Structures are given as structure tokens and as C-alpha cells.
Amino acid sequence: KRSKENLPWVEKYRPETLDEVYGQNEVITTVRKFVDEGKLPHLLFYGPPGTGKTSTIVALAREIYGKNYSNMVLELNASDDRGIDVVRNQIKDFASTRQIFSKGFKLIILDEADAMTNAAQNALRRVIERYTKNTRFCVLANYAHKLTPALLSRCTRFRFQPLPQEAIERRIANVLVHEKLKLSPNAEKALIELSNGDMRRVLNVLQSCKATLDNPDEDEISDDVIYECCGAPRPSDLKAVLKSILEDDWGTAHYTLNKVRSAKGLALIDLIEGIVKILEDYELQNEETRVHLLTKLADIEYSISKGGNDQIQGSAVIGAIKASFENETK
Amino acid sequence: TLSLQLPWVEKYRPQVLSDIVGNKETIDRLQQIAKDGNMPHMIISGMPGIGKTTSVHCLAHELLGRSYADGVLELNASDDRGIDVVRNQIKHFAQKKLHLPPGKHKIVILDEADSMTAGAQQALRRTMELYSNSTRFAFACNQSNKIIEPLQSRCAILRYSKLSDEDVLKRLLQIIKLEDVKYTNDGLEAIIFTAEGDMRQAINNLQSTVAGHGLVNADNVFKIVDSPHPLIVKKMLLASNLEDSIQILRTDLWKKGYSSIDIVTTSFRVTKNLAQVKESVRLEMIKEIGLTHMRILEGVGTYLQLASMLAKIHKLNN
Amino acid sequence: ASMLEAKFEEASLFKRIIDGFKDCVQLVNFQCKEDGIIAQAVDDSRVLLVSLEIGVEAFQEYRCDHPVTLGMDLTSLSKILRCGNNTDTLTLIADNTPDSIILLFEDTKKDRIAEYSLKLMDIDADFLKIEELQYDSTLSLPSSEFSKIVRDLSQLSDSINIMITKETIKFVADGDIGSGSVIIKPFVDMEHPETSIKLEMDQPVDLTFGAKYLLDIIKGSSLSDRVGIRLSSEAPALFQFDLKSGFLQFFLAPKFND
Amino acid sequence: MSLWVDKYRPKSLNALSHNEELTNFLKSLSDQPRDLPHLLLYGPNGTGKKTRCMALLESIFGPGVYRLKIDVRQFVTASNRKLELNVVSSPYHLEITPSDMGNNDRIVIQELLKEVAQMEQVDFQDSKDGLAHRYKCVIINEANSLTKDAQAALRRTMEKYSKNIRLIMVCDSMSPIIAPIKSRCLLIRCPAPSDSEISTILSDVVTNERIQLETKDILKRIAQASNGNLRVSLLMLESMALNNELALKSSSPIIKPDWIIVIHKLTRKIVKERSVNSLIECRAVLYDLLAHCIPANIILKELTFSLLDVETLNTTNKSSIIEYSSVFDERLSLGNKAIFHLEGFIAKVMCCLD
Amino acid sequence: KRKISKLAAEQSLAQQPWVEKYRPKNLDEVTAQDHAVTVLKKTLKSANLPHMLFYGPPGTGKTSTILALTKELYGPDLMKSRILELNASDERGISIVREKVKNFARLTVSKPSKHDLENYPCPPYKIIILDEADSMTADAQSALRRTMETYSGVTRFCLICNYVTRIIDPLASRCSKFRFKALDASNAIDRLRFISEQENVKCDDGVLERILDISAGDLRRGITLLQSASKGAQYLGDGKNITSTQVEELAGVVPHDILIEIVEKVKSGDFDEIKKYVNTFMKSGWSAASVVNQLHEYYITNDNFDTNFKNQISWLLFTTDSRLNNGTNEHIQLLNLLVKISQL
DNA sequence: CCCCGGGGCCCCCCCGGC
DNA sequence: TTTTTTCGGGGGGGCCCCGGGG
Ligand SMILES: Nc1ncnc2c1ncn2[C@@H]1O[C@H](COP(=O)(O)OP(=O)(O)OP(O)(O)=S)[C@@H](O)[C@H]1O
Ligand SMILES: Nc1ncnc2c1ncn2[C@@H]1O[C@H](COP(=O)(O)OP(=O)(O)OP(O)(O)=S)[C@@H](O)[C@H]1O
Ligand SMILES: Nc1ncnc2c1ncn2[C@@H]1O[C@H](COP(=O)(O)OP(=O)(O)OP(O)(O)=S)[C@@H](O)[C@H]1O
Ligand SMILES: Nc1nc2c(ncn2[C@@H]2O[C@H](COP(=O)(O)OP(=O)(O)O)[C@@H](O)[C@H]2O)c(=O)[nH]1
Ligand SMILES: [Mg+2]
Ligand SMILES: [Mg+2]
Ligand SMILES: [Mg+2]
């Protein structure tokens, strides 16, 4: 904990103010409007991993209370005990008592509330209803099916979308400026493609790419560096494998798959996922082809998830694709 | 800003039984009980945000007048309601001597009683029977099945139903006139449609829309309240072509940040409540959905699994 | 044993100080500097703030080269302090960039040495200035009477209401089984100036506090024979126990009046 | 006296009489036992895997390995449930069967084995090389029955404390063993003895016990009926000798187990009658078999192979039967209530036959 | 009791099994994981090690890599106080994660000694290593999410697994992912040859390559096979070279003649003959997985079968392998597979 | 120096979806 | 016309033993 430069990039680049949260303009604008006019309701933030929920709520707490927000809000997460007794005693005491420092309202942040038991959620209902005049609740979740309907009825919901491309590009530009790094356009495209809308993945991969350069001061990060550090297949490899499967005999396809995998030690799961993404754009005459492709590839993925024999699984992928595409003729 | 605006669900909480919309017969019966007296042991069950707690509190207030503080004992899930509590505190309250008007009794309001343990409910039986001459019990719950049969036998069952769109519109218009809210017919229609009979949700959504955009129209309402994903799932499952279902899955659910577990659970529920389709077909689809749900629970929460589930459902429906 | 060396001539004083607020907070940062030791902690419910100060007059010897922050779990510290006899001097020892604190109990008469080490913890707490406020009312009364009143009233209700009016202090509790009210008036006896009750009022006040927090606070009565209560509307209530060199302060937030 | 299967069990590597190549490999392993890795012996049941393991232990340490005692160990679960474990111990090795604790087998791995692993040997057990033995051997019987969590717990225990203990596991099949465990063990195949070797062993027992034999063909028939199981062949020889006043004739019939006869009767009934009432009676028979400690997997295998030996069935029926047997054997592997899967298999077979 | 004097670490290691004896001791002894080892080495000077998720197939060098990294980072003396290792052999319930892991993560880093600061980098944080993290329950994993982020300034987490899908999505998001590749004759031959030379093992040309092919991505299995072959050669005491046939015999690979007989029986198509042959075959104790792998190799690579036959047999083999992976009866599954192939 | 009140563990018993 | 498995949470009965009072 010497300096901020000894931290992982995911934590080192955590937004400190609402102005640094990207890709959530609608939610940020709405919550800022609520806070400015003192019309903050009970909030629920539902979204996938690494979209800015915790960052946004902490930034909102800073906006409301200032630099000393930590002593003016009650933050509980999955790493803490949040049983029914905790709800009855600690949350109830915090919600029904005035602030020690200031004279403002009180904020309770139940991060990862989807991990809370049903009994505690039920106990929270009357606590929320009874102390609304002076207390507000913020719930954060990735899975809404774990939240009781009663709790959902009492909260205003905001959905955090997967981060758009433009927000990721702007944050990457900021990180490159801070770190004195060069990123090629194709490298940025590949990084955004592999991120799948998660900023944490982008930051971790960028840190690994920087660590992979011999001389980061002048060396530039190319798509080759990204693929090498992440150990992911290149688009050319996927295209070649798919072409061999769809246009060559069994021996040639098997040899091509083995050679492509052994060239860089690729994983079969990555090849399957990339081929599925490519095939999703194909215009197929017969629906049976798509049905068989999806079912067989899902079965192969599930089997791979439990281990098994890699060679048999690869041959199964080849055979499944060939058999499914055999239906396009008639 | 350290100020807080009082929520309209609290600012406009009904204070008398006359201000409660919906369930006309039940509210009329409660009004008659309040006017006459001799309140019996009662259990009120219904769905969230329809006016059960409001009804019970209004009844108690109008029945007991100035003696509300001394003659009402309110316990909810946020309080301790164990066997010791039932055996000591509730029993003491029942045995308490309190002079009341000729036809009034002390009231114990056990809100969210469906969360009480079996032992406490068993202990309540003799307390209710012995001191019925001075104390009466009111239960409010979401699931009446959770109340043990011996308690149900001693109580009067007053079941509440979902509020119709007319009652919701009436209450919303009253609140709008009180608050001077600019609105349009499409906005109110969208609010009512998204509320789904939950008055608290409708009022909260209206207040949020007014705070965020001012004008309550369809555009702002949808900007605040998202389209219910169960309806999107229902559209996905009833699509004619597998391509359309896959497109819906990829664009309206997967790219909107909905988790695979949520999607599969919603699909299971929607298929269960899909009366338009034959029961056997629904059972086959439920089997496939269960297979996919187990796979997701094992950790394979990918879009390919959901696509395969949709393909298998399409094959079944062919 | 180079940077920080602070010797309590009596090892029981530090044990009493820790016991005064060990049931209120668990993780505490002790800041030691040339003019003594300070500490501030906030309860988990964030309703009570504990502030301890010990000057250099409270140590037989005290040496601190540079300011040092020691994060401790009060349960472990109390466990360690319970292993020392009442007739042994207690030396606190810490070095540069410390990961531990050394507690050394010495009995020169018996030539007995007992050295314990307690691992430090990383606590991200910044000392929050307790800005001085001109309180409406300020009173002082013997700690034993306040403890007795609090304990008696806690049996009836979980909330105790304190009303300060001209020439009168009233503690009221209302509960399921009944109610209670204790009324005291400022009284001075020159013969024994330790049972006196002193009050200075500028604006009458009425504030309700949780009974459990008052029960925790009254545990500091073992440190001082008197307790000073400062109350003012729209501000936390201050309960101060004065030590020989320093003090122990509790800031308790009142309950919302609604 | 002791049964002939036990009285004539070899006690040394040089006393083994079948699978000479395996004997040579084991002798090579025991030549320099200081760096011996963990061993996993896999093979058909009743072949001599435990006998060979004990012989290898005797070669490494000495005859004292056969001085076996039985102790009892206590275990406590998270719910304060007291469990007893029977441990077979020797001055040089321990024997444990964690499957006796069922789902609690993990505890035995987490506490007992670990406790032995952490304890360094301080007994001056001088070896052939002149230096005292350094490690203590632990045998895990029925290792294929261990739960996946116990196998996972075994991994770092094997890796970290290899200098203090060495594991010898014995299994009928390696299919239930997780890949990390197989990676950590030296795998040793134990082939079943040939018919000639079984006949030689049986003739040796006969001449040692002074049993009248009309011809040597009876021993060959016994070996053939045993299907390569030496324990079964020896026990069958003893049973036949007892049933014929220690005088075996060329017409003496092969004695079959009671459960085998019940399964054959069930197969005949299934082939003859295919209806719901027949299914109910089959359920009754299955319950009777299961109540008396007949494993479900054994029942399924025996039923499948008995059905496949029926002469009235055609190729399609047999193919369907084997497919259903595979599916329902997987179901049994992934299930709890065995009767459910057995009834499903019988119903599917009944449908296919019609 | 006579008692035995304590044995030095060097001689103790010299008498260990080859897998433990030749475990990498520093980051330079890891053979074919440069894409991650280079990044980990760069962290030695950057001193900003992130949370790590090592995932890969068995015996690829994950535990060795983490141990070597911790040693290189801290030194033999400071390593113990800076490391908290929990594996599948320890209780790791939600209570443990909430209390013990959190308490260790919140602790101040142990003060390095003067010698340690002169020699080793000694970064200002400790490391928690959750080996076999895929065995932890979902709730226990969820309990780590905010603990990882809150105390990143003094603690870094390393999770090691074989099946990445068993790690919940939030944790995988929080961790920088390192995939460990399978070790084959093209990337691990140098290490195996070095081990063979250090042990003076005499092998024919291609024997080590054959061992690595048989191991199928697991270097631990290859080293164990090499040690077994060396022991056999030493016991024989003839001075001859190890051969591929001996390696196959030690590895349980079915002889080619038996495979040809099985293939001919399948080609015949007679159910009874196949059943009798399989009954005789299962008495040899051959592992069903090896038989299925060899059948796959024989059939997929054979040029005498058409596309449709290969398409069907690939799915048949995949189904049989999946069923075997669940711990099923080998005899029944093998017979079913052979019959189904015979009916193609 | 001995008895009584009340905090803290220890042990066991039942649920788990909409 | 009768009666089973596992974690985790919650509840509830039972002591145990420190502290404080007499
Ligand atoms: N909108 C964002 N803008 C900039 N950085 C982001 C954003 N979202 C996530 N990040 C980055 O990823 C890190 C984690 O962001 P979080 O706010 O913790 O996401 P999260 O949605 O709360 O994750 P979960 O739900 O606990 S898995 C931040 O410190 C940022 O570095
Ligand atoms: N029939 C109603 N008439 C007017 N307002 C209502 C009505 N029902 C609900 N509301 C409003 O929504 C708020 C909450 O109503 P509640 O009585 O708490 O619903 P509920 O049935 O108790 O919900 P649950 O079962 O405890 S989740 C009230 O303060 C009212 O402002
Ligand atoms: N990359 C490698 N370089 C050198 N030796 C290796 C390598 N990988 C495995 N080994 C050897 O095999 C032995 C075991 O390696 P491990 O690090 O334990 O593999 P692992 O990935 O941790 O196994 P799992 O995932 O727990 S089954 C090492 O002691 C080495 O002798
Ligand atoms: N004469 C002789 N009998 C053997 C031999 N191997 C095994 N047996 C006999 O076969 C019996 C069963 O062998 P067992 O070790 O239980 O096989 P396992 O079930 O695979 O462990 C033993 O009681 C021995 O008597 C051998 O090599 N020679
Ligand atoms: Mg978060
Ligand atoms: Mg309610
Ligand atoms: Mg490992």
C-alpha cells in the first residue's frame, strides 16, 4: 500500500467521481438530477459484472456527503454477515438515528444483495418503509431472480448495460495517456472484441500486454501481442479451420485443426466459440442445419466443461459441423 | 444536497378506509366492522402493494381512536417474533387491563405473518382463545398457506385481489391533481401497464418520472421504467421461426445485460403460465428448460446454451 | 524497541482504558506522537464515536520519534492485557514500519518478564476532526449515579429520553410493562465535592437515545468519578470521562424524532 | 480350518504363480524402494491385486507387514455426529477404506491421512541398504468408490508429504477416478489369470487337501465358469468338494450363487412375460435383491449380460438392450434411488422385446 | 527407540519421486508457459502484481509456477509470513472465507529484514493462494468478491483451477486470467531430455517423444513413465536402451494386434462374436478410455472410410467418452460402442 | 469468602419454490 | 392408509462461568 502505482489497473483506475463513469450516460444523468434537487428515491442497480455499479454508487455517496462519506453511509456486502439479526439490529439502528457529523439524510448500500437470504430481505421491507423520511437504500445486483418481489416493489430500478464500444475506447485512451503506451487500431479492435463489455477484462489484458513488451516506452501493442498474452485464436486461424471443415475431406480437416492448434497451443473451447460467432452470421437455407449446429455444439461445450478427451472432442466438432451442413443441399 | 423529498407512497398513504381503492366488498366490510365494532380475528392475504397493511392500520386507527397508542401492538418481520416473544410479550399485552369504549378491544397486528415460525404460531392458539374477550388478532400476509390451519380456523379470511386499471388510474389522477403533475394519456397508460396492478410501483414510477423528466408521457415513462423482460421472454418462446427467437434473445435480452440464469428462470415461469399452448408441449419445453437451467447452474452460462435451448423448443413445437 | 517506547507505571490503567470502550468498537487506530497517544473509532452501526486521548504525563517514561499509526483489534488487545499482573509495569514498544506491537510486563521485585506480541492490522481510517460546538446545556454528575439510572431505565425500554430544563434534569423511559422517570436537580455540598450535580443551561433540550448505547457508554465510569454530559439540539450528545492526563469521549447520535 | 482360498494365499512375490511379467515389474519397483512413487493398481475383481500389494510391501519392508491389528478411530462432523472408522494397521503400513464413511469419507482424508502425512517417521527401521526406512505406506481400498471431494482433498496431501508417506490404491476400474489423481499415480494393470494358471492353482489346492479327482477336466470347467475370477474359482472348488463328500466327479454340477439364480429367474420372467403386472413383480424381486446387500450396479450388469445370452432374442433386441443398459448405468452413476433406474431399465427392455 | 537423525533437505529431495525431485525451483525452470511467465517476471520489477486466475489441464505447471513466483518475490525467509495457502484439503466454507481469509487479508504486511531488502524485491503486499479453487461453493466464492477489491493495497489473490467454468463470473472478472497450455513433444521435449540426462537414462531415438505423445499434455505423467522405464531397465541390468514397446507396455496402451482383432470383429458385424471377444478382452484389464482413444485414432485417420461413416463414428466416440467420464461400467459402455460401430 | 444475575458458547431441530 | 440423504441459516433449549453484590 505504498503508492497508487503498486495497485492493479482494475483498482488503480476506479472512477472517483460520477464524471469518470463511462457508458452509463442515462443512469448517471438521472441519478445526478435526482441528487441535485434532493429527490433521491430508493435505488436498485441491476447489471452484469464490471459495468460500474459499485463505482457509480460510491461516486454518488461522495457527491452527496463529500470526502468523509465512509463515516456517513452504511455499506454492507457479501463479505460481511447480513443475516436477519444484522438487519434487525445494525441496519435498524443506523436507519433510525441521526448522523453524527452532518444533519443530512442517511444512505445504506447493500452491495451484492442477491446473496442475501430471503428472511433478511423480508425483514428489510418494514425497515425501508418505516424510515423513508430520513433514510434511503441502494441495492446492487447481477441476478434479479434472487430478489424478493416485495423488495423489488419498493425500489426504482436502473439497468447497467454492457459497456458500449465508445466508452471503452475513451477509457483506453485515458489509460494509454496515463501509462505512456501505444495501441494499434487493430489491437484496440481485438481488445474491445474480447472484452465483451467488461472494463475489468480490458484493464487486465492491457496491463498484461504492457508487461509483455520488451521496451514499453517505444514498443507498440499490436494484435499479435494481444493474442499472444491472452493465448486466443486469431481470426485467420478460425477462418482457416472453418474453411477446412466445410470444404475439405476428413483427413485434411483433422490435420488442419491439429496443426492450427499446435502452432500456438490454442484451446478447443476458444475455437468452438469463435466458430459459433462466425457461423451466427451465415445465411442458412434450412433451419435444421442451425438446430443441429446449436444442439451439438452446446453438447460439446458442456462435455468440455467437465474435462474429457480433447482429440475426441475436436473430431466431434468437425463431424457435427459436417453433418449439420450436409442438410443445406436438400 | 442533503435534503430528501418525501415519497408520494408515504405522503399520500390512505388514512381512512374511504381512500382505499379496489376490493370494494372487503373495504366495505372493514368499514362496517369499524363503525359497529366487535372486530373478529382476521387474516388478510394478497399480492404486494395492494393495500393490506394500509387497510389494517386504518381499521385499527378508526376503531381505537385516541387509545391507539395503548391498545395496539404491532409486530412485523423487522421485529423479533420468536417463541419467547409470543409466550411473554404478546401474552402480557393480551392480559393487560385497559378500559375501552363499550364495543372495542385491543388489537395485535402481526404484519407479514407468513414469515413466523411454526412454534410461534402454535403458541398463539391458546393466547387467542383465552383472551378473545379483550384482544383480537389481525394477520397480514402474502401467502395464506404459510399460516397453520389451527390459526386459520380461528380467523376470518379476507382475501385481496389485484387492483384493476380503473382504480389505479383514479388514484394516479387524484395524486396528479394534488401534486400538479403535467401528464399525457399515453404516459399514464404506460405507467399502469408497467405497474401490473401494484399501486406502490405505479406511484413510485410516476414520482420518479416527474423528478427525472417532469412531463409524464410514454417516452419518459419507458425511459424510467424498462419494458418487462417476462413479456420479451414470452415473445421469444412463441416466435414462429427459430431465427426470430434467436434474434430476440441476442438483441433484447443478451445485449441488454440480462444474465443467463434470469433468462432461463423467466422462461421456465412463462412456459409454466402459457395456457395458450397444450399442456404436453409445455411439459416438454419445461423439461428442455430444466436441462438448460441445470447446465447453467453447473457454470456453463453461455449464449450458446440458450440458443440450443431455443432450438430444441422450436423442434418440439414443430 | 527503538521508535516508540511508552511505559505505564501501573499496567492496570491501560487495561481499564481499553475496557472502557472495548464493547463499543473493535478495530481502532492508535496514533502515537511526541505529545502522547490519540485514538478515534466509529461503531459498526455508525451511531457512536469513541475518542481517547492520553498525554505524556500518564506515562512514567514516553518516547516517540515520528508519528506512528497502530491498527489493533480491541478483543486481542484486551486478551493480551488480561495476562498482566497489577504489580507489573507495562511497556508498549514499536519499531519503524511496524507489523506488530510489543507489550512487556515487568515485575522487578520478582524479576519476572512477560513479553507478548500483537500483529497490527491495516485500517483505512482518517482521524475526523471533532469540531467543537457551543452546546445548549452542559451538566456534570457522579458516574455511579448515572450508571445506576441508565441500568434501571434500560429494564423498561430500549430508548431513554433526557430532558434538560431550567434547574431540572429528567430521564424518562416508556415500555411494554410500564414507565419510569427520574428527576434530579443541581445540588452542591461543600463538605463532599464529589456527589454534587452541576448544570449550566442555555436552551432547554429534549433528546432520545438508544438504551444499549448508553449501557455501553456507562462502562467508562471505572475511569473517572464524574461524567460530563453536553447536550444540544441538532448535534451529538457528548459523554466525557476525565483521566489524569487525557480523557475518553463518546459522541452519541440522538434518534430521529419521527 | 481356514477356507482354502485364504489358507493357500501367497505371502511373497516369489510365491506368486501367475502373471510373471507383473511379478517382474513389481520386483523392479521394489529393488530401490526409496524413490517409489504412489501406486494405483487397477484390474478385474478377484485377480490378486491385494495379494500383490501385500507381497510388494513384504518385499520392501519384510514379513512383519503381515502382523495386522485393527483399531478404531473417532471422527466428528460439522453437526457433531460421531463416526467410527475401522483401521487395519501394521508396524510398517496402514490400511483404510474411506468409502465406509460414505459422503463423510472426505473427513478421513482431511484429518486422518493428513495427520499421518504430517507426522515424520522416527523409528529406526533398518532396511536392506543399511539406512532406516523413511516413509510409511497407506493403502486405500475401493479407491474407485471415493467421492470427488475426497479425491480432490487427496491431491496436495500426496504432493506435499511424499517424503513421509506413499499411497497404494487398488481399484476394479479407473473410470470413477478423477484425472488429477491418475496423473499423480503410477498406474499398474493387473490382468486376470489364464484358465491354465487357474487350473494349476486348483490342482495344487486339490493335491494339498487330498481331494479325490476323477479327471482334470473338472478344474478346467470351474476355471471357465469363474470367468477369470480366482477367488470365485477357489470358493467354488471348496463348495463343490464339500457338497460331494470331498470327491468330485465328472458329472458334478457347477454351484452358482443365490443372487445369480435370482437374477437368472428374473431374466427368464422378463423374457417370458412383458406386462405391467410382470413389471410390479420384477420391482418386488429387485427390492428383495437390494435389501440383502446386492449392489445395484452388479444387478444391472448381471441382468444385462444374462439377457444378452438368451437365445430367442434377435440382433435388434440385443442392440436395444445394450443401449438401454448403457444409458441406465450412467443414470445409476448419477443417481441416488437405484430401484428407480433399475425399474426404468426393465420397463424399456420389456417395451423393446414387444 | 533407536531414533534417526534429521535428514538434510538436499538428500531428502534426491530420494523423492522424480516428479517432486525435479519440480521447478524458479520461474526459469517452467518449460512452456512463457506467455504468462514473462508477465509474472515483469511484475518482479513493476511491483504491481494483479489478482491471478491460473487455469489449465492436469500437470501443466500451475502450482509450481505460483510457488516459484512467491519464492522469487519474497525469499526463503520472508515467504512463510507473506503467504496464505488454502487447498482442497482444508475447510473453505463461507464462514472460513468470511473470517480467516478476511482476517489474513486485512493484516499489515510483515516487515522484511535488512538482508531480505538487500536481496529480494519484497513487494508491499502478501499473497493468498486458493489452489483447487473450483472445489469451492458458489456462496463462498461470492464472499470473496469485495474482500479482493477492498484490500488490494496489501493483499493479492491467486486462484488455481482445472475447470474455469466452476469459477463464478464476478471472480473471473476480478482476476487476470492465465491459461496453461498442454505440454507435448513440441514444447516439453527439452525438459524431459534434461531430466533423462540428469538421471543417465538410456533411451532409443523417439522414446521420449513417444512418452510425451502418450502423456497427452501431462508432463507429470510423462516423468512418472520415464522413471518407471528407468527402474525397469536398472532391474534388468543389461545395459540396453529403453524401447517404445516397453514404454507402451508400461503406459497400458493396447497392442496393435489386439486393436486389429477388435476392428476385424467390428467389421464382421456379428453381435455374438463381438460380445464373446469383448468378454475375453475385458479380462486383460485394459482401460476403456485408452481403448476408445486408440479406436478414435485408428478410425478417424483411416482413408478407407467415407465422410458419413467418420461423421457418425465421431459422435459415437464422443458419446462413449462422455458416458465414461461419469464413472460408468467399462464393459457395458465398450460393448455398446463396438456394437454401434459395427452397425454403421 | 460465598451466592446470584446474566452475558457467552454449545448442542440440537427444522426449512429450503412461486 | 404410513414414514430417507446435505450446507447454511435460523431458532431455541441447555448449560457454563465471569463478574458483582452481600
Ligand atoms: N463505467 C466504468 N467506467 C470506468 N471504469 C469502469 C466502469 N465500470 C467498471 N469499470 C472498471 O472496472 C472496475 C470495477 O468496476 P465496478 O464498479 O466494481 O463494476 P461492478 O458492476 O460493481 O462489478 P460486480 O457487479 O461486483 S461483478 C472499476 O474500478 C473500474 O476500473
Ligand atoms: N388500495 C390502495 N389505495 C391507495 N394506495 C395504495 C393502495 N395500495 C397501496 N397503496 C399505496 O402504496 C403504498 C403501499 O401500500 P401497502 O399497504 O404497504 O401494500 P402491501 O399490501 O402492504 O404490500 P406488501 O404485501 O407488505 S409487499 C401505500 O402507502 C399507499 O400509498
Ligand atoms: N511447466 C512445467 N515445467 C516443468 N515441470 C513441470 C511443468 N509442469 C508440470 N511439471 C512437472 O510435473 C510436476 C507437477 O507439476 P504441477 O505444477 O503440480 O502441475 P499442476 O497444474 O499444478 O497439476 P494439477 O492442476 O493440480 S492436476 C512438476 O513438479 C514438475 O516436475
Ligand atoms: N496360488 C496363487 N493364488 C493367488 C495368486 N494371486 C491371487 N491368488 C488367490 O486369489 C485370492 C483372491 O485374490 P485377491 O488378492 O483378493 O484379488 P483382488 O480382489 O483383485 O484384490 C486370494 O485369496 C489368493 O488366494 C497367485 O499368484 N498364486
Ligand atoms: Mg460491485
Ligand atoms: Mg405491507
Ligand atoms: Mg496444482
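Lettering of chains follows the sequences in order, A, B, ..., and the numbering in each one begins at 1. Because only heavy atoms are used, hydrogens play no part in the values below, and waters and symmetry mates are left out as well, while side chains stay in.
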Answer whether the closest heavy-atom distance between the side chains of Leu171(E) and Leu144(E) falls below 4.5 Å. yes

Taking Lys212(C) first and then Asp216(C), would you say they form a salt bridge - that is, a charged N and a carboxylate O separated by under 4.0 Å? no

Salt-bridge test for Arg125(A) and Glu112(B): reply yes if a basic N is under 4.0 Å from a carboxylate O, no otherwise. yes

Check for a donor-acceptor pair, side chain of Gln121(A) on one end and backbone N or O of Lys146(A) on the other, with a separation under 3.5 Å. yes

Provide, to the nearest angstrom, the distance between the CG atom belonging to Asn104(D) and the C1' atom belonging to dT5(G). 11 Å

Taking the same atom, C1', in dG16(F) and in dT2(G), what whole-Å distance lies between them? 24 Å

When the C1'-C2'-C3'-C4' sign is the only test used, does the sugar of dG7(F) come out north or south? north

In whole angstrom, what separates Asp19(C)'s CG from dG7(F)'s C1'? 15 Å

Whole angstrom is fine here: how far is it from CG in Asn142(B) over to P in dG17(F)? 15 Å

Under 5.5 Å between six-membered ring centres and under 30° between their planes: does that hold for the bases of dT4(G) and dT5(G)? yes

Each nucleotide N or O in nucleotides 8-13 of chain G that has a protein N or O under 3.5 Å away: list the pair and distance.
residue: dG9(G); atom: OP1; partner: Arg98(E); partner atom: NH2; Å: 2.6
residue: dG10(G); atom: OP1; partner: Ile84(A); partner atom: N; Å: 2.8
residue: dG11(G); atom: OP1; partner: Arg88(A); partner atom: NH1; Å: 3.2
residue: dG11(G); atom: OP1; partner: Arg88(A); partner atom: NH2; Å: 3.3
residue: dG11(G); atom: OP2; partner: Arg88(A); partner atom: NH2; Å: 3.4
residue: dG12(G); atom: OP1; partner: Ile83(B); partner atom: N; Å: 2.4
residue: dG13(G); atom: OP1; partner: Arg87(B); partner atom: NH2; Å: 2.6

Nearest nucleotide by nearest heavy atom, which residue falls closer to the 5' end of DNA chain F, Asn118(A) or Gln155(C)? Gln155(C)

Can you tabulate the close N/O pairs, meaning under 3.5 Å, that link protein atoms to atoms of nucleotides 11-13 of chain F?
residue: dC11(F); atom: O5'; partner: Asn80(D); partner atom: ND2; Å: 3.3
residue: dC12(F); atom: OP2; partner: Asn80(D); partner atom: ND2; Å: 3.1

Taking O4'-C1'-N9-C4 for purines and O4'-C1'-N1-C2 for pyrimidines, is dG17(F) syn (within 90° of 0) or anti? syn

Could you work out the separation of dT3(G) and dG17(F) based on their P atoms and round it to a whole Å? 28 Å

Using atom NZ of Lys219(C) as one end and atom P of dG19(G) as the other, report the distance to the nearest whole Å. 12 Å

I'd like to know if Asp80(A) and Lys102(E) make a salt bridge, using a cut-off of under 4.0 Å between side-chain N and carboxylate O. yes

Give the dot-bracket string for DNA chain F, reading 5' to 3', where a pair is Watson-Crick or G-U wobble with both distances under 3.5 Å, ( ) marks pairs inside the strand, [ ] marks pairs crossing earlier ones, | marks a partner on another strand, and . marks unpaired. ||||||..||.||||...

Rounded to whole Å, CG of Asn103(D) lies from P of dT6(G) at a distance of 5 Å

Closest-nucleotide ordering on DNA chain F, the 5'-leading residue of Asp23(C) and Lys272(B): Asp23(C)

Spacing of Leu231(B) atom CG and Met236(B) atom CE [to the nearest 0.5 Å]: 12.5 Å

Atom P, compared across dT6(G) and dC18(F): separation rounded to whole Å: 25 Å

Rounded at 0.5 Å granularity, tell me how far CD1 in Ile217(C) sits from CZ in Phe146(C). 7.0 Å

When you compare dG8(F) with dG20(G), how far apart are their P atoms, in angstrom units rounded to a whole number? 15 Å

Separation of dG17(F) atom P from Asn273(B) atom CG, nearest Å, is 17 Å

Starting at CD of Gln121(A) and ending at P of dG16(F), how long is that distance when rounded to a whole Å? 15 Å

Please assess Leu248(C) against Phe21(C) for the test side-chain contact (heavy atoms from CB on, under 4.5 Å), listing each intermediate value before the final yes or no. CA-CA 9 Å; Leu248(C) 180 60; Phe21(C) 64 100; 3.9 Å; yes

Is it true that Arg88(A) and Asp80(B) make a salt bridge, defined as a side-chain N closer than 4.0 Å to a carboxylate O? yes

Exercise: identify the closest heavy-atom pair between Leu151(B) and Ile43(B): O-CD1, 4.3 Å

What's the CG-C1' distance between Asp149(D) and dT6(G), to the nearest Å? 12 Å

Salt bridge or not for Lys114(D) and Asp90(E), using N-O below 4.0 Å? yes

Decide yes or no for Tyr46(A) and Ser259(B): does some side-chain heavy atom of the first lie under 4.5 Å from some side-chain heavy atom of the second? yes

